[PDB]
>>> print(open('my_file.cif').read())   # mmCIF, C-alpha atoms and all ligand atoms
data_target
loop_
_atom_site.label_atom_id
_atom_site.label_comp_id
_atom_site.auth_asym_id
_atom_site.auth_seq_id
_atom_site.Cartn_x
_atom_site.Cartn_y
_atom_site.Cartn_z
CA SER F 22 -13.44 5.82 -13.54
CA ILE F 23 -14.96 3.59 -16.25
CA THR F 24 -12.71 4.45 -19.22
CA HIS F 25 -10.07 2.21 -20.85
CA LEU F 26 -6.51 3.63 -20.30
CA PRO F 27 -3.27 3.35 -22.38
CA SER F 28 -1.00 0.64 -20.89
CA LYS F 29 1.87 3.07 -20.47
CA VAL F 30 -0.37 5.60 -18.77
CA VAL F 31 -1.51 2.94 -16.28
CA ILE F 32 2.09 1.94 -15.47
CA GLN F 33 2.99 5.59 -14.98
CA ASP F 34 -0.06 6.12 -12.68
CA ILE F 35 0.95 3.12 -10.61
CA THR F 36 4.50 4.44 -10.43
CA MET F 37 3.34 7.92 -9.25
CA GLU F 38 1.45 6.13 -6.42
CA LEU F 39 4.68 4.44 -5.32
CA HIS F 40 6.62 7.74 -5.17
CA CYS F 41 6.91 9.76 -1.97
CA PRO F 42 5.50 13.29 -2.48
CA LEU F 43 8.13 14.88 -0.20
CA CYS F 44 11.26 13.57 -1.97
CA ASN F 45 9.71 12.57 -5.36
CA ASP F 46 11.65 9.25 -5.22
CA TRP F 47 10.46 5.70 -4.56
CA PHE F 48 9.04 5.14 -1.08
CA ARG F 49 11.75 3.93 1.31
CA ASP F 50 10.43 2.59 4.71
CA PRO F 51 7.14 4.43 4.15
CA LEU F 52 5.05 5.46 7.10
CA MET F 53 1.33 5.90 6.80
CA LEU F 54 -0.18 8.80 8.73
CA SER F 55 -3.59 8.86 10.36
CA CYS F 56 -5.12 10.39 7.20
CA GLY F 57 -3.95 7.45 4.99
CA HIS F 58 -1.16 9.29 3.15
CA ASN F 59 2.30 7.72 2.97
CA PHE F 60 5.83 9.25 3.04
CA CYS F 61 9.34 7.81 3.51
CA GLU F 62 9.95 7.55 7.25
CA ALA F 63 13.01 9.85 6.95
CA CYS F 64 11.10 12.36 4.81
CA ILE F 65 8.12 12.86 7.10
CA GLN F 66 10.32 12.84 10.26
CA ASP F 67 12.57 15.55 8.77
CA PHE F 68 9.54 17.57 7.55
CA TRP F 69 8.09 17.57 11.06
CA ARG F 70 11.40 18.11 12.88
CA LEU F 71 12.61 20.84 10.52
CA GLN F 72 9.84 22.62 8.58
CA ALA F 73 6.48 22.15 10.37
CA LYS F 74 5.19 23.67 13.65
CA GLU F 75 2.57 20.92 14.16
CA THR F 76 2.58 17.33 12.95
CA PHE F 77 0.28 17.81 9.94
CA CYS F 78 0.15 15.88 6.66
CA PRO F 79 1.97 17.77 3.87
CA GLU F 80 -0.65 16.54 1.32
CA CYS F 81 -4.04 17.03 3.00
CA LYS F 82 -2.99 19.30 5.90
CA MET F 83 -4.85 17.19 8.49
CA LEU F 84 -3.44 17.12 12.02
CA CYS F 85 -1.95 13.70 12.53
CA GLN F 86 -0.48 12.53 15.80
CA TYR F 87 3.09 11.19 15.48
CA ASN F 88 2.32 8.12 17.64
CA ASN F 89 -0.46 7.04 15.25
CA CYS F 90 1.95 6.65 12.30
CA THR F 91 2.51 3.10 11.14
CA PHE F 92 4.92 1.38 8.74
CA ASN F 93 3.32 0.39 5.45
CA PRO F 94 5.46 -2.62 4.37
CA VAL F 95 3.28 -3.54 1.39
CA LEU F 96 4.60 -0.38 -0.34
CA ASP F 97 8.23 -1.55 0.01
CA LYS F 98 7.29 -4.84 -1.64
CA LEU F 99 5.48 -3.08 -4.51
CA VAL F 100 8.42 -0.68 -5.06
CA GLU F 101 10.84 -3.63 -5.23
CA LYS F 102 8.69 -5.47 -7.76
CA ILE F 103 7.79 -2.64 -10.09
CA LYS F 104 11.39 -1.41 -10.42
CA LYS F 105 12.04 -4.84 -11.96
CA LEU F 106 9.27 -4.41 -14.53
CA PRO F 107 10.62 -4.24 -18.12
CA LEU F 108 8.90 -1.26 -19.82
CA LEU F 109 8.07 -2.75 -23.19
CA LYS F 110 6.29 0.39 -24.36
CA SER W 22 16.59 -9.82 -5.11
CA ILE W 23 19.03 -8.75 -7.86
CA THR W 24 17.78 -10.88 -10.79
CA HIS W 25 15.94 -9.66 -13.91
CA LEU W 26 12.31 -10.98 -14.00
CA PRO W 27 9.91 -11.77 -16.92
CA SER W 28 7.47 -8.85 -17.43
CA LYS W 29 4.46 -11.10 -17.00
CA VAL W 30 5.88 -12.58 -13.82
CA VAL W 31 6.35 -9.07 -12.38
CA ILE W 32 2.76 -8.08 -13.21
CA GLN W 33 1.50 -11.29 -11.62
CA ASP W 34 3.63 -10.65 -8.47
CA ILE W 35 2.23 -7.15 -8.19
CA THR W 36 -1.28 -8.52 -8.63
CA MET W 37 -0.79 -11.15 -5.86
CA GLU W 38 0.23 -8.26 -3.54
CA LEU W 39 -3.05 -6.49 -4.28
CA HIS W 40 -5.16 -9.59 -3.45
CA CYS W 41 -6.58 -10.18 0.02
CA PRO W 42 -5.32 -13.52 1.43
CA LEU W 43 -8.63 -14.23 3.21
CA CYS W 44 -10.96 -13.95 0.17
CA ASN W 45 -8.36 -14.29 -2.67
CA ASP W 46 -10.01 -11.33 -4.47
CA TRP W 47 -8.86 -7.73 -4.95
CA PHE W 48 -8.56 -5.74 -1.72
CA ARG W 49 -11.80 -3.86 -1.00
CA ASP W 50 -11.53 -1.19 1.81
CA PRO W 51 -8.36 -2.88 3.10
CA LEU W 52 -7.38 -2.50 6.71
CA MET W 53 -3.80 -2.78 7.79
CA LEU W 54 -3.16 -4.56 11.09
CA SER W 55 -0.45 -3.73 13.58
CA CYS W 56 1.89 -6.28 11.96
CA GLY W 57 1.67 -4.56 8.51
CA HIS W 58 -0.52 -7.16 6.78
CA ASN W 59 -3.63 -6.04 4.91
CA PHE W 60 -7.10 -7.64 4.47
CA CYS W 61 -10.47 -6.37 3.20
CA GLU W 62 -12.21 -4.68 6.12
CA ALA W 63 -15.17 -7.11 5.83
CA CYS W 64 -12.85 -10.13 5.58
CA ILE W 65 -10.79 -9.48 8.69
CA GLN W 66 -13.86 -8.35 10.71
CA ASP W 67 -15.71 -11.57 9.80
CA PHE W 68 -12.59 -13.70 10.51
CA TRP W 69 -12.32 -12.21 13.99
CA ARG W 70 -16.06 -12.19 14.74
CA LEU W 71 -16.66 -15.71 13.41
CA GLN W 72 -13.54 -17.93 13.31
CA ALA W 73 -10.88 -16.56 15.72
CA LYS W 74 -10.81 -16.56 19.57
CA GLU W 75 -8.30 -13.66 19.73
CA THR W 76 -7.68 -10.86 17.25
CA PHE W 77 -4.59 -12.34 15.58
CA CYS W 78 -3.30 -11.88 12.02
CA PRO W 79 -4.28 -14.84 9.80
CA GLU W 80 -0.91 -14.56 7.94
CA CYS W 81 1.74 -14.11 10.64
CA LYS W 82 -0.32 -15.09 13.72
CA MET W 83 0.76 -12.01 15.69
CA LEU W 84 -1.67 -10.64 18.27
CA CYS W 85 -3.01 -7.40 16.87
CA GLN W 86 -5.36 -5.13 18.75
CA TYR W 87 -8.55 -4.27 16.83
CA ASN W 88 -8.29 -0.55 17.71
CA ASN W 89 -4.84 -0.33 16.09
CA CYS W 90 -6.17 -1.31 12.63
CA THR W 91 -6.09 1.44 10.04
CA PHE W 92 -7.50 1.90 6.53
CA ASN W 93 -4.89 1.60 3.81
CA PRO W 94 -6.37 3.77 1.00
CA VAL W 95 -3.30 3.57 -1.25
CA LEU W 96 -4.22 -0.10 -1.89
CA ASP W 97 -7.69 0.87 -3.20
CA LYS W 98 -6.06 3.28 -5.64
CA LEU W 99 -3.56 0.65 -6.83
CA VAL W 100 -6.33 -1.96 -7.28
CA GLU W 101 -8.38 0.50 -9.36
CA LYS W 102 -5.42 1.33 -11.60
CA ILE W 103 -4.02 -2.13 -12.19
CA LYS W 104 -7.41 -3.63 -13.12
CA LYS W 105 -7.31 -1.15 -16.02
CA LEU W 106 -3.91 -2.38 -17.19
CA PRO W 107 -4.07 -4.07 -20.64
CA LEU W 108 -2.11 -7.35 -20.38
CA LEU W 109 -0.16 -7.27 -23.61
CA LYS W 110 1.68 -10.49 -22.81
ZN ZN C 1 10.52 10.42 0.55
ZN ZN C 2 -2.85 13.25 4.42
ZN ZN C 3 -10.83 -10.02 1.32
ZN ZN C 4 0.42 -10.17 9.99
#
>>> encode(input="my_file.cif", output="structure tokens", more="lines below")
Ligand SMILES: [Zn+2]
Ligand SMILES: [Zn+2]
Ligand SMILES: [Zn+2]
Ligand SMILES: [Zn+2]
Amino acid sequence: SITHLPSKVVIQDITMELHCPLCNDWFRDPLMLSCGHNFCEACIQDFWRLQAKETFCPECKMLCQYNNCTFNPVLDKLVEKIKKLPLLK
Amino acid sequence: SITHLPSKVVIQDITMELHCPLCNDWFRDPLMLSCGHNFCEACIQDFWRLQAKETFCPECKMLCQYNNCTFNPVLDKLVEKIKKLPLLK
């Protein structure tokens, strides 16, 4: 995209990217799946253990293998920082 | 950390987290290594091909295996968004 965006809209977009789509809260110990999507470790583990018959990604439906999941620590750092951001608009 | 931070300081901290430590520019097609650190794909590939005798992480020095690297697409999305943020302070 090549359009200017309202400051508040950009902050909100950034914030949506740091929210887990399973719990709709801030990522906590996010795992990244083979497709590149991220979920709280607890959220994706419970989804797979409890709701899903194969280990697929809830967002894109691609078949991930459990053993290919990896921690995504940069997301923890970004969550910590942005929660401290004063929203001046 | 449990201290309030200046808005501008928080934006700058967030921005440092979205910069590749090898090139000091915005992440472009970042790969995440087994240790959880991220670098532009081109940057870490050139580092390993050209400067380094084993595939270690330039930040933490841990021995990563090349085949365990993964794309970290969330970082591309965050780079795109934050570059559009008007800096009002
Ligand atoms: Zn979650
Ligand atoms: Zn996915
Ligand atoms: Zn780079
Ligand atoms: Zn590292």
>>> closest_atom_pairs(input="my_file.cif", of="chain F", to="ligand ZN 4 (chain C)", cutoff="12 Å", atoms="all atoms listed in the file", output="CSV")
residue,atom,partner,partner_atom,distance
F:93,CA,C:ZN4,ZN,11.9
F:94,CA,C:ZN4,ZN,10.7
F:95,CA,C:ZN4,ZN,11.2
>>> residues_around(input="my_file.cif", residues="residue F:78", least_positions_apart="6", cutoff="9 Å", atoms="only C-alpha atoms", output="ChimeraX atom specification")
/F:54-56,58,65,84-85
>>> residues_near_ligand(input="my_file.cif", ligand="ligand ZN 1 (chain C)", cutoff="7 Å", atoms="all atoms listed in the file", output="short mmCIF file (atom, residue, chain, number, x, y, z; two decimals) with C-alpha atoms, keeping the file's coordinate frame")
data_model
loop_
_atom_site.label_atom_id
_atom_site.label_comp_id
_atom_site.auth_asym_id
_atom_site.auth_seq_id
_atom_site.Cartn_x
_atom_site.Cartn_y
_atom_site.Cartn_z
CA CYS F 41 6.91 9.76 -1.97
CA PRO F 42 5.50 13.29 -2.48
CA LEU F 43 8.13 14.88 -0.20
CA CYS F 44 11.26 13.57 -1.97
CA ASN F 45 9.71 12.57 -5.36
CA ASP F 46 11.65 9.25 -5.22
CA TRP F 47 10.46 5.70 -4.56
CA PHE F 48 9.04 5.14 -1.08
CA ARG F 49 11.75 3.93 1.31
CA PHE F 60 5.83 9.25 3.04
CA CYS F 61 9.34 7.81 3.51
CA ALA F 63 13.01 9.85 6.95
CA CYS F 64 11.10 12.36 4.81
#
>>> atom_distance(input="my_file.cif", atom1="atom CA of residue F:104", atom2="atom CA of residue W:34")
12.2 Å
>>> interface_residues(input="my_file.cif", of="chain F", to="chain W", cutoff="7 Å", atoms="all atoms listed in the file", output="list in words")
residues 25, 26, 28, 31, 35, 57, 92, 93, 94, 99, 102, 103, 105, 106 and 107 of chain F
>>> atom_distance(input="my_file.cif", atom1="atom CA of residue W:66", atom2="atom CA of residue W:87")
9.1 Å
>>> atom_distance(input="my_file.cif", atom1="atom CA of residue W:88", atom2="atom CA of residue F:81")
23.3 Å
>>> build_atoms(input="my_file.cif", residues="stretch 50-65 of chain F", atoms="N, CA and C atoms", output="PDB file, in the coordinates of the input")
ATOM      1  N   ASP F  50      11.022   2.755   3.347  1.00  0.00           N
ATOM      2  CA  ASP F  50      10.430   2.590   4.710  1.00  0.00           C
ATOM      3  C   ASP F  50       9.250   3.554   4.946  1.00  0.00           C
ATOM      4  N   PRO F  51       8.234   3.499   4.072  1.00  0.00           N
ATOM      5  CA  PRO F  51       7.140   4.430   4.150  1.00  0.00           C
ATOM      6  C   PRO F  51       6.359   4.256   5.434  1.00  0.00           C
ATOM      7  N   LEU F  52       5.976   5.387   6.010  1.00  0.00           N
ATOM      8  CA  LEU F  52       5.050   5.460   7.100  1.00  0.00           C
ATOM      9  C   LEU F  52       3.753   5.952   6.533  1.00  0.00           C
ATOM     10  N   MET F  53       2.670   5.402   7.057  1.00  0.00           N
ATOM     11  CA  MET F  53       1.330   5.900   6.800  1.00  0.00           C
ATOM     12  C   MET F  53       0.868   6.735   7.974  1.00  0.00           C
ATOM     13  N   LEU F  54       0.332   7.924   7.687  1.00  0.00           N
ATOM     14  CA  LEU F  54      -0.180   8.800   8.730  1.00  0.00           C
ATOM     15  C   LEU F  54      -1.644   8.497   8.933  1.00  0.00           C
ATOM     16  N   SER F  55      -2.211   9.116   9.964  1.00  0.00           N
ATOM     17  CA  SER F  55      -3.590   8.860  10.360  1.00  0.00           C
ATOM     18  C   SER F  55      -4.603   9.146   9.227  1.00  0.00           C
ATOM     19  N   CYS F  56      -4.268  10.068   8.331  1.00  0.00           N
ATOM     20  CA  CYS F  56      -5.120  10.390   7.200  1.00  0.00           C
ATOM     21  C   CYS F  56      -5.058   9.355   6.060  1.00  0.00           C
ATOM     22  N   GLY F  57      -4.098   8.433   6.055  1.00  0.00           N
ATOM     23  CA  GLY F  57      -3.950   7.450   4.990  1.00  0.00           C
ATOM     24  C   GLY F  57      -2.881   7.746   3.950  1.00  0.00           C
ATOM     25  N   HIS F  58      -2.320   8.967   3.971  1.00  0.00           N
ATOM     26  CA  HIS F  58      -1.160   9.290   3.150  1.00  0.00           C
ATOM     27  C   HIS F  58       0.143   8.685   3.693  1.00  0.00           C
ATOM     28  N   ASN F  59       1.046   8.438   2.762  1.00  0.00           N
ATOM     29  CA  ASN F  59       2.300   7.720   2.970  1.00  0.00           C
ATOM     30  C   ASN F  59       3.466   8.622   2.556  1.00  0.00           C
ATOM     31  N   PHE F  60       4.558   8.529   3.309  1.00  0.00           N
ATOM     32  CA  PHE F  60       5.830   9.250   3.040  1.00  0.00           C
ATOM     33  C   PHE F  60       6.971   8.378   3.521  1.00  0.00           C
ATOM     34  N   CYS F  61       8.155   8.478   2.921  1.00  0.00           N
ATOM     35  CA  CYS F  61       9.340   7.810   3.510  1.00  0.00           C
ATOM     36  C   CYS F  61       9.429   8.202   4.978  1.00  0.00           C
ATOM     37  N   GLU F  62       9.759   7.254   5.834  1.00  0.00           N
ATOM     38  CA  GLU F  62       9.950   7.550   7.250  1.00  0.00           C
ATOM     39  C   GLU F  62      10.857   8.756   7.470  1.00  0.00           C
ATOM     40  N   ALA F  63      12.025   8.767   6.832  1.00  0.00           N
ATOM     41  CA  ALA F  63      13.010   9.850   6.950  1.00  0.00           C
ATOM     42  C   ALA F  63      12.463  11.191   6.479  1.00  0.00           C
ATOM     43  N   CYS F  64      11.656  11.154   5.418  1.00  0.00           N
ATOM     44  CA  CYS F  64      11.100  12.360   4.810  1.00  0.00           C
ATOM     45  C   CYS F  64      10.096  13.022   5.733  1.00  0.00           C
ATOM     46  N   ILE F  65       9.144  12.259   6.252  1.00  0.00           N
ATOM     47  CA  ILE F  65       8.120  12.860   7.100  1.00  0.00           C
ATOM     48  C   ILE F  65       8.710  13.271   8.470  1.00  0.00           C
TER      49      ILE F  65
END
